[PDB]
Amino acid sequence: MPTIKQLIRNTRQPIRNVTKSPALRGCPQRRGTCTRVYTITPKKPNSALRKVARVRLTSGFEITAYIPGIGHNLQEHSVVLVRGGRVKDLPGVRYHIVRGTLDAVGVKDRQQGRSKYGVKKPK
Amino acid sequence: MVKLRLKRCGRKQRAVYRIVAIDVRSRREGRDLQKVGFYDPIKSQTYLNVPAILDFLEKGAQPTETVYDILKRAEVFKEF
Amino acid sequence: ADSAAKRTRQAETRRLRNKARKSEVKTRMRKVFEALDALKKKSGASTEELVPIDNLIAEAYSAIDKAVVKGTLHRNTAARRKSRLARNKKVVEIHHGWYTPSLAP
Amino acid sequence: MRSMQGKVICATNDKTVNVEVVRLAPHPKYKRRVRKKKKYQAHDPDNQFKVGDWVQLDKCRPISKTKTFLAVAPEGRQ
RNA sequence: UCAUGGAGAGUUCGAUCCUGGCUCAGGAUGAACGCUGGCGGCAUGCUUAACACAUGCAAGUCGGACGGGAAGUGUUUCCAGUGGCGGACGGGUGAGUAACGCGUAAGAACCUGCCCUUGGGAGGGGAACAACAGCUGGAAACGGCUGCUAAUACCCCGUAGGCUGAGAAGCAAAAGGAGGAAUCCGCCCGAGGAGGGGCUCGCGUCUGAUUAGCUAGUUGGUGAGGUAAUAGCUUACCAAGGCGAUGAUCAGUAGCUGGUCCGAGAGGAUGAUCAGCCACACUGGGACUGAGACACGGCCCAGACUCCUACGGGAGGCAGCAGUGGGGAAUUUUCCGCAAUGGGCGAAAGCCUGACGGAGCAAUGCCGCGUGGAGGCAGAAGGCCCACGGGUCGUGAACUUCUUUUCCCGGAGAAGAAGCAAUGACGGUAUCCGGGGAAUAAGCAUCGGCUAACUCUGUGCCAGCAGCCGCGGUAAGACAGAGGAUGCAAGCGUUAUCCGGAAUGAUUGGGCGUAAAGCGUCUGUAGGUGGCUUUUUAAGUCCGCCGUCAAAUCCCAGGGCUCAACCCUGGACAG
């Protein structure tokens, strides 16, 4: 790439920081409607039953979001609040569900790091 | 014309005023050909820059009320 | 009526001045129309030229009458009256420019 | 300001000449000196310019949409 | 002297070097959510649906222009109407607009009420139109005949350093009011200036060639018109031009800039509040008056939509401030005041300003402050862990004294307001003085490596965690709990967006034998670069001077708020 004419045509441009969440497309976290609350398995090295809610969003997408924590109240057609963040083990799950927010209760009996799970103080 | 007038330049409850000779149609905090004067009503000085006020009053930009009152404190008024 | 009108008062006065200015600009178009009309006739078939200019000059004076009168009232700026009086005397200078008054710079 | 000297392109219009104006310009991000051509319509009531002569453009009153210059002559100090 | 700036780590492999990608450590948000929440100062507060809008208010004023009437009994306050300016400013939003719209820098063909300077003028007449009185139509909204009236309201004649025209010639104006006067505010015609606009042009102004031709008032010329002014602005005829592979045309996106944030730097992204310019005002399209609009709260028409109707018809534009509803993860009070400041009007008095000045709510942000200070036998009670010796929570607490920022209970009490006095929404706020009293006040992440912090109990590829690597199949420094520790602190975390790191788009700063990559080779157009000497102009280049790049911001130095944040004054390199 000489300074003359292969480069005052253009070098090229890198695209963007590609969006790591194609939904949520305004901004960070977005209200959701539960459609399925099924349970899938990770890839080969792990072994678990991870419990994800496939959730329709208010944006216009439908997307399978993970449910953190131990206990979960989430039945059919409830309302959640999804956020970004890639669960590695599950192919397709791109998102999380916030706990302690609207119609998704905090986890049962947790006393270490409660702000990630929406549990008020005991004691 | 131009109307020599103050503009509020300070925080809340402060009232540090500039004397600017802007066109009268502008909003009260706009832009000037030459920002001539100062007025600090709490307690401080008032730089005036007499030759430029005589330039604009010599041209005929009438001032407002209290700008004229500041101009009546000092002996600025000469009709030449 | 209401205690404050303030803009319908405007629109009333705008209706009135619409009537007056519409009307008397139309008077100006009529008198310029007659001047250019008779000039067209004496360009067409007159056969004696330096004599009948008194009528064209008379109606042209009425044209300069209503032109400048409507220059006094605010419906015509300067360089409107200048452009149209200059228009009429362009036309007169052309009708004499074809023929018997010889004019050269 | 400056005039804009430049070659006459094609004068198949009365009182009207197209003029290439060649202008060096620093390209912004990369620091060379790229030429850009821009051709204009100039006025001449004399229309005494053939193809290929080179004139100087000076701003005047706009004559048409594009014709906003009249070109007379360069100085010629070699 | 200048320098005030550049950090790495993990992951390919049994290991090693390397290329290369991902991920993190750093800042910033107009932010959102979770947990927790003492105060103060200053900012900020629909990013989304330019999506509809209930209610009130957001633009008036002038009786010293004029006529009437309606309270008060010579005297004054008001008033619908005709007039005068103001409604084109101020406020709000960014849908459009890739374009002289903006930014910067020149130019000539113009206009300009209010504002200064300046030369001259204001004789004479006359007709009505509102108002009003009567009749009458309508639920309302509005009207309709009949008469009448005044003026700074209209019309005519004369007169004019103006205009038209080559000249000849013609053409054109006025208004009075206040006051006893004095005089002042005016009016008409000119001539300048300032400021404000209207135009034109150089340069800068996003991506896409899987959009290659476009353009026929199109690009010129003349004549006729037109505009405040130049102009295909418009029209008839003639010429065939004009733009484009340096991206025309089309499609898509986007208000722009002082600036903000990042970066060592070059520059990358972006345009909230602050400020300047543009555009829009329910969606479209028109014109009217005025100096100035094609006018947010003007008019007329069409379209869609909501309200009223007595069914014939009317009325309406919150993207003004507050507010409601919807959408959204998410953005407030249907507040006080014209005291200041700035507008508009008026001779003044004053009036009106949801601009603006304040107040309220919200840790939304930046800054400051507190939750105690000093001592505390090294003796006890307890949690957790222990080679059962003990260790550690731990001077921590308990406990003794000191103090009161804050808290409560009382007193005082501002400037802000302008030399005639009076004039404060804020507010009895800020600040100060006195009386108790440690009293009223600490959480949230993390502890496998990056990355500071670790052991124990339970679970047994389950529950789960996770930013990347990956932990989890019986003793887990990675899950869950406890203890302890770490880092932060009225905050702490997660997420999203942007830059850094990233030399991972490279001018500074990369590569092409084998890692991704040299066309199969060759001719050659456009274009790019180019031998030596001498001479000339100076376009580039360099130096001086000058103009400008608004103010605010950033940098330096002072100054003010008890400091800081923030505010203010002056100065300037760059470029």
# chains A, B, ... in the order shown; residues from 1 in each chain; ligands from 1
call {"tool": "interface_residues", "arguments": {"of": "chain D", "to": "chain E", "cutoff": "10 Å", "atoms": "only C-alpha atoms (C1' of nucleotides)", "output": "PDB file with C-alpha atoms, in the first residue's frame"}}
result
ATOM      1  CA  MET D   1      -8.745  36.932  -3.652  1.00  0.00           C
ATOM      2  CA  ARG D   2      -6.678  35.198  -6.310  1.00  0.00           C
ATOM      3  CA  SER D   3      -7.784  34.731  -9.859  1.00  0.00           C
ATOM      4  CA  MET D   4      -8.189  31.216 -11.236  1.00  0.00           C
ATOM      5  CA  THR D  12     -18.969  26.172 -28.895  1.00  0.00           C
ATOM      6  CA  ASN D  13     -21.267  28.616 -27.114  1.00  0.00           C
ATOM      7  CA  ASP D  14     -21.535  32.338 -27.711  1.00  0.00           C
ATOM      8  CA  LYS D  15     -19.949  34.519 -25.005  1.00  0.00           C
ATOM      9  CA  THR D  16     -19.255  31.374 -22.999  1.00  0.00           C
ATOM     10  CA  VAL D  17     -16.144  29.304 -22.362  1.00  0.00           C
ATOM     11  CA  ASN D  18     -15.600  26.199 -20.297  1.00  0.00           C
ATOM     12  CA  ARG D  23      -5.732  22.999  -8.267  1.00  0.00           C
ATOM     13  CA  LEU D  24      -3.213  21.267  -6.062  1.00  0.00           C
ATOM     14  CA  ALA D  25      -4.577  20.277  -2.715  1.00  0.00           C
ATOM     15  CA  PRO D  28      -6.213  15.296   4.441  1.00  0.00           C
ATOM     16  CA  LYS D  29      -5.217  11.999   6.041  1.00  0.00           C
ATOM     17  CA  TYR D  30      -2.319  11.196   3.699  1.00  0.00           C
ATOM     18  CA  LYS D  31       0.030  14.027   3.100  1.00  0.00           C
ATOM     19  CA  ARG D  32       0.470  14.246  -0.648  1.00  0.00           C
ATOM     20  CA  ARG D  33      -0.506  16.979  -3.095  1.00  0.00           C
ATOM     21  CA  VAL D  34      -3.371  15.636  -5.180  1.00  0.00           C
ATOM     22  CA  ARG D  35      -4.585  17.673  -8.098  1.00  0.00           C
ATOM     23  CA  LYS D  36      -8.276  18.272  -8.566  1.00  0.00           C
ATOM     24  CA  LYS D  37      -9.713  19.701 -11.735  1.00  0.00           C
ATOM     25  CA  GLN D  41     -18.340  28.594 -17.459  1.00  0.00           C
ATOM     26  CA  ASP D  58     -12.364  36.796 -11.697  1.00  0.00           C
ATOM     27  CA  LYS D  59     -15.623  36.994  -9.771  1.00  0.00           C
ATOM     28  CA  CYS D  60     -18.369  39.178 -11.166  1.00  0.00           C
ATOM     29  CA  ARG D  61     -22.123  39.541 -11.125  1.00  0.00           C
ATOM     30  CA  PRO D  62     -23.764  36.205 -12.039  1.00  0.00           C
ATOM     31  CA  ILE D  63     -24.776  36.105 -15.690  1.00  0.00           C
ATOM     32  CA  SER D  64     -26.630  32.767 -15.812  1.00  0.00           C
ATOM     33  CA  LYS D  65     -26.775  29.839 -13.431  1.00  0.00           C
ATOM     34  CA  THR D  66     -23.277  28.642 -14.135  1.00  0.00           C
ATOM     35  CA  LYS D  67     -21.795  31.708 -15.832  1.00  0.00           C
ATOM     36  CA  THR D  68     -20.569  33.622 -12.790  1.00  0.00           C
ATOM     37  CA  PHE D  69     -17.160  34.722 -14.068  1.00  0.00           C
ATOM     38  CA  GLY D  76       2.273  36.791 -18.360  1.00  0.00           C
ATOM     39  CA  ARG D  77       5.479  37.392 -16.404  1.00  0.00           C
ATOM     40  CA  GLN D  78       6.838  33.959 -17.515  1.00  0.00           C
TER      41      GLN D  78
END
call {"tool": "residues_around", "arguments": {"residues": "region 99-109 of chain A", "least_positions_apart": "5", "cutoff": "12 Å", "atoms": "only C-alpha atoms (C1' of nucleotides)", "output": "PDB file with C-alpha atoms (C1' of nucleotides), in the first residue's frame"}}
result
ATOM      1  CA  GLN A  29     -32.173  -4.518  28.846  1.00  0.00           C
ATOM      2  CA  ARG A  30     -35.598  -5.118  27.518  1.00  0.00           C
ATOM      3  CA  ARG A  31     -38.964  -6.419  28.651  1.00  0.00           C
ATOM      4  CA  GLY A  32     -39.855  -9.931  27.616  1.00  0.00           C
ATOM      5  CA  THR A  33     -42.775 -12.312  27.300  1.00  0.00           C
ATOM      6  CA  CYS A  34     -42.219 -15.957  28.188  1.00  0.00           C
ATOM      7  CA  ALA A  53     -36.919 -19.412  28.768  1.00  0.00           C
ATOM      8  CA  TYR A  66     -30.966 -18.075  30.165  1.00  0.00           C
ATOM      9  CA  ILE A  67     -32.391 -18.065  33.674  1.00  0.00           C
ATOM     10  CA  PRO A  68     -29.755 -17.656  36.392  1.00  0.00           C
ATOM     11  CA  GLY A  69     -29.938 -18.674  40.006  1.00  0.00           C
ATOM     12  CA  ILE A  70     -31.318 -21.785  41.615  1.00  0.00           C
ATOM     13  CA  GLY A  71     -35.063 -21.408  42.017  1.00  0.00           C
ATOM     14  CA  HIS A  72     -37.330 -20.062  39.319  1.00  0.00           C
ATOM     15  CA  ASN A  73     -40.985 -19.037  39.291  1.00  0.00           C
ATOM     16  CA  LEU A  74     -41.249 -18.599  35.534  1.00  0.00           C
ATOM     17  CA  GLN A  75     -44.335 -20.261  34.104  1.00  0.00           C
ATOM     18  CA  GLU A  76     -45.933 -19.881  30.696  1.00  0.00           C
ATOM     19  CA  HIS A  77     -46.767 -16.326  29.515  1.00  0.00           C
ATOM     20  CA  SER A  78     -45.123 -14.457  32.358  1.00  0.00           C
ATOM     21  CA  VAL A  79     -43.173 -11.215  31.932  1.00  0.00           C
ATOM     22  CA  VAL A  80     -39.403 -10.993  32.353  1.00  0.00           C
ATOM     23  CA  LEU A  81     -36.613  -8.513  31.696  1.00  0.00           C
ATOM     24  CA  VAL A  82     -33.773  -9.840  29.590  1.00  0.00           C
ATOM     25  CA  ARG A  83     -30.223  -8.511  29.498  1.00  0.00           C
ATOM     26  CA  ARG A 114     -27.419 -10.482  46.213  1.00  0.00           C
ATOM     27  CA  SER A 115     -27.391  -7.586  43.773  1.00  0.00           C
ATOM     28  CA  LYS A 116     -26.920  -9.976  40.874  1.00  0.00           C
ATOM     29  CA  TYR A 117     -29.995 -11.953  41.895  1.00  0.00           C
ATOM     30  CA  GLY A 118     -32.437  -9.405  43.292  1.00  0.00           C
ATOM     31  CA  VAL A 119     -32.697 -10.508  46.916  1.00  0.00           C
ATOM     32  CA  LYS A 120     -33.135  -7.919  49.631  1.00  0.00           C
ATOM     33  CA  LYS A 121     -31.227  -8.053  52.888  1.00  0.00           C
ATOM     34  CA  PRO A 122     -32.053 -10.486  55.619  1.00  0.00           C
TER      35      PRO A 122
ATOM     36  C1'   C E  33     -31.756  -2.617  36.336  1.00  0.00           C
ATOM     37  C1'   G E  34     -30.306  -4.988  41.038  1.00  0.00           C
ATOM     38  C1'   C E  35     -28.605  -4.434  46.390  1.00  0.00           C
ATOM     39  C1'   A E 329     -35.932  -0.560  30.506  1.00  0.00           C
ATOM     40  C1'   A E 480     -23.933 -22.970  47.746  1.00  0.00           C
ATOM     41  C1'   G E 481     -23.067 -21.289  53.278  1.00  0.00           C
ATOM     42  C1'   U E 494     -24.174  -6.194  36.058  1.00  0.00           C
TER      43        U E 494
END
call {"tool": "atom_distance", "arguments": {"atom1": "CA of residue 67 (chain B)", "atom2": "CA of residue 19 (chain B)"}}
result
7.5 Å
call {"tool": "residues_around", "arguments": {"residues": "residue 51 (chain B)", "least_positions_apart": "4", "cutoff": "10 Å", "atoms": "only C-alpha atoms (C1' of nucleotides)", "output": "list in words"}}
result
residues 36, 55, 56, 57, 58 and 76 of chain B
call {"tool": "select_by_dssp", "arguments": {"residues": "chain C", "states": "helix (DSSP H, G or I)", "output": "VMD selection string"}}
result
chain C and resid 8 to 44 53 to 72 81 to 95
call {"tool": "closest_atom_pairs", "arguments": {"of": "chain E", "to": "chain A", "cutoff": "10 Å", "atoms": "only C-alpha atoms (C1' of nucleotides)", "output": "tab-separated table"}}
result
residue	atom	partner	partner_atom	distance
E:31	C1'	A:27	CA	8.8
E:32	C1'	A:28	CA	6.4
E:33	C1'	A:29	CA	7.7
E:34	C1'	A:115	CA	4.8
E:35	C1'	A:115	CA	4.3
E:36	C1'	A:121	CA	8.8
E:47	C1'	A:26	CA	9.0
E:48	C1'	A:26	CA	8.6
E:246	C1'	A:9	CA	9.5
E:328	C1'	A:58	CA	8.9
E:329	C1'	A:30	CA	5.5
E:444	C1'	A:115	CA	8.0
E:445	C1'	A:113	CA	7.3
E:446	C1'	A:113	CA	9.4
E:461	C1'	A:47	CA	5.0
E:462	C1'	A:48	CA	7.6
E:463	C1'	A:70	CA	7.3
E:464	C1'	A:70	CA	7.2
E:465	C1'	A:69	CA	9.5
E:466	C1'	A:87	CA	7.8
E:467	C1'	A:85	CA	9.2
E:470	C1'	A:45	CA	9.9
E:471	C1'	A:46	CA	10.0
E:472	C1'	A:46	CA	8.7
E:480	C1'	A:110	CA	8.4
E:481	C1'	A:111	CA	8.0
E:492	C1'	A:115	CA	9.4
E:493	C1'	A:115	CA	7.1
E:494	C1'	A:116	CA	6.7
E:495	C1'	A:28	CA	5.5
E:496	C1'	A:28	CA	3.8
E:497	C1'	A:27	CA	7.3
E:498	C1'	A:17	CA	9.5
E:504	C1'	A:14	CA	9.1
E:505	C1'	A:13	CA	5.4
E:506	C1'	A:1	CA	9.2
E:507	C1'	A:3	CA	7.6
E:511	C1'	A:1	CA	9.5
E:527	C1'	A:5	CA	9.7
E:528	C1'	A:4	CA	7.4
E:529	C1'	A:4	CA	9.5
call {"tool": "residues_around", "arguments": {"residues": "region 22-24 of chain B", "least_positions_apart": "2", "cutoff": "7 Å", "atoms": "only C-alpha atoms (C1' of nucleotides)", "output": "list in words"}}
result
residues 1, 2, 3, 4, 20, 26, 31, 32 and 33 of chain B; 195 of chain E
call {"tool": "residues_around", "arguments": {"residues": "region 38-47 of chain C", "least_positions_apart": "6", "cutoff": "10 Å", "atoms": "only C-alpha atoms (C1' of nucleotides)", "output": "list in words"}}
result
residues 53, 55, 56, 59, 60, 88, 91, 92, 94, 95, 96, 98 and 99 of chain C
call {"tool": "write_last_selection", "arguments": {"atoms": "N, CA, C and O atoms", "output": "PDB file, in the first residue's frame"}}
result
ATOM      1  N   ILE C  53     -48.557  61.941 -30.941  1.00  0.00           N
ATOM      2  CA  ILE C  53     -47.907  61.514 -29.705  1.00  0.00           C
ATOM      3  C   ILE C  53     -48.552  62.143 -28.476  1.00  0.00           C
ATOM      4  O   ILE C  53     -48.435  61.590 -27.377  1.00  0.00           O
ATOM      5  N   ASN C  55     -51.601  62.023 -27.562  1.00  0.00           N
ATOM      6  CA  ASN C  55     -52.538  61.153 -26.857  1.00  0.00           C
ATOM      7  C   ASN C  55     -51.796  60.088 -26.078  1.00  0.00           C
ATOM      8  O   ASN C  55     -52.145  59.788 -24.924  1.00  0.00           O
ATOM      9  N   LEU C  56     -50.740  59.552 -26.699  1.00  0.00           N
ATOM     10  CA  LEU C  56     -49.937  58.521 -26.065  1.00  0.00           C
ATOM     11  C   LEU C  56     -49.242  59.085 -24.856  1.00  0.00           C
ATOM     12  O   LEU C  56     -49.144  58.425 -23.828  1.00  0.00           O
ATOM     13  N   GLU C  59     -52.112  59.577 -22.015  1.00  0.00           N
ATOM     14  CA  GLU C  59     -52.362  58.348 -21.281  1.00  0.00           C
ATOM     15  C   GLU C  59     -51.101  57.839 -20.601  1.00  0.00           C
ATOM     16  O   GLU C  59     -51.197  57.239 -19.520  1.00  0.00           O
ATOM     17  N   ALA C  60     -49.914  58.143 -21.162  1.00  0.00           N
ATOM     18  CA  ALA C  60     -48.709  57.714 -20.464  1.00  0.00           C
ATOM     19  C   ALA C  60     -48.529  58.532 -19.215  1.00  0.00           C
ATOM     20  O   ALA C  60     -48.030  58.019 -18.209  1.00  0.00           O
ATOM     21  N   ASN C  88     -42.374  51.328 -19.635  1.00  0.00           N
ATOM     22  CA  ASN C  88     -43.216  52.069 -20.571  1.00  0.00           C
ATOM     23  C   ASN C  88     -42.387  52.954 -21.486  1.00  0.00           C
ATOM     24  O   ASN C  88     -42.686  53.076 -22.680  1.00  0.00           O
ATOM     25  N   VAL C  91     -40.821  50.942 -24.129  1.00  0.00           N
ATOM     26  CA  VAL C  91     -41.728  50.631 -25.230  1.00  0.00           C
ATOM     27  C   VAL C  91     -41.915  51.843 -26.140  1.00  0.00           C
ATOM     28  O   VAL C  91     -41.870  51.720 -27.372  1.00  0.00           O
ATOM     29  N   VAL C  92     -42.071  53.032 -25.549  1.00  0.00           N
ATOM     30  CA  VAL C  92     -42.168  54.263 -26.330  1.00  0.00           C
ATOM     31  C   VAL C  92     -40.889  54.510 -27.115  1.00  0.00           C
ATOM     32  O   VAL C  92     -40.932  54.835 -28.307  1.00  0.00           O
ATOM     33  N   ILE C  94     -38.951  52.281 -28.185  1.00  0.00           N
ATOM     34  CA  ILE C  94     -38.864  51.317 -29.275  1.00  0.00           C
ATOM     35  C   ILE C  94     -39.778  51.707 -30.433  1.00  0.00           C
ATOM     36  O   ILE C  94     -39.374  51.615 -31.599  1.00  0.00           O
ATOM     37  N   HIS C  95     -40.996  52.186 -30.142  1.00  0.00           N
ATOM     38  CA  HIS C  95     -41.891  52.618 -31.218  1.00  0.00           C
ATOM     39  C   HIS C  95     -41.335  53.811 -31.969  1.00  0.00           C
ATOM     40  O   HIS C  95     -41.556  53.945 -33.175  1.00  0.00           O
ATOM     41  N   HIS C  96     -40.608  54.674 -31.288  1.00  0.00           N
ATOM     42  CA  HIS C  96     -39.855  55.686 -31.992  1.00  0.00           C
ATOM     43  C   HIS C  96     -38.504  55.169 -32.455  1.00  0.00           C
ATOM     44  O   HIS C  96     -37.848  55.824 -33.269  1.00  0.00           O
ATOM     45  N   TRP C  98     -38.054  52.279 -34.123  1.00  0.00           N
ATOM     46  CA  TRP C  98     -38.228  51.776 -35.478  1.00  0.00           C
ATOM     47  C   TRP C  98     -38.157  52.895 -36.501  1.00  0.00           C
ATOM     48  O   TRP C  98     -37.738  52.667 -37.640  1.00  0.00           O
ATOM     49  N   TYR C  99     -38.547  54.103 -36.117  1.00  0.00           N
ATOM     50  CA  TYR C  99     -39.005  55.088 -37.085  1.00  0.00           C
ATOM     51  C   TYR C  99     -38.472  56.468 -36.734  1.00  0.00           C
ATOM     52  O   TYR C  99     -37.465  56.625 -36.036  1.00  0.00           O
TER      53      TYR C  99
END
call {"tool": "interface_residues", "arguments": {"of": "chain E", "to": "chain C", "cutoff": "8 Å", "atoms": "only C-alpha atoms (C1' of nucleotides)", "output": "number ranges by chain"}}
result
E: 80, 87, 163-166, 170-173, 228, 288-289, 298-299
call {"tool": "write_last_selection", "arguments": {"atoms": "C-alpha atoms (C1' of nucleotides)", "output": "PDB file, in the first residue's frame"}}
result
ATOM      1  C1'   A E  80     -65.902  46.300  22.777  1.00  0.00           C
ATOM      2  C1'   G E  87     -47.982  39.138  16.841  1.00  0.00           C
ATOM      3  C1'   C E 163     -38.176  59.280 -10.322  1.00  0.00           C
ATOM      4  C1'   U E 164     -38.914  58.053 -15.827  1.00  0.00           C
ATOM      5  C1'   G E 165     -36.754  59.497 -20.210  1.00  0.00           C
ATOM      6  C1'   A E 166     -31.340  60.745 -24.790  1.00  0.00           C
ATOM      7  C1'   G E 170     -44.109  65.018 -17.327  1.00  0.00           C
ATOM      8  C1'   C E 171     -44.915  62.504 -12.518  1.00  0.00           C
ATOM      9  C1'   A E 172     -45.146  62.521  -7.032  1.00  0.00           C
ATOM     10  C1'   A E 173     -46.354  64.248  -0.037  1.00  0.00           C
ATOM     11  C1'   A E 228     -36.044  44.725  -3.469  1.00  0.00           C
ATOM     12  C1'   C E 288     -52.585  38.086   1.634  1.00  0.00           C
ATOM     13  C1'   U E 289     -50.192  42.750   5.023  1.00  0.00           C
ATOM     14  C1'   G E 298     -52.507  34.476  11.592  1.00  0.00           C
ATOM     15  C1'   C E 299     -56.103  33.745   7.104  1.00  0.00           C
TER      16        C E 299
END
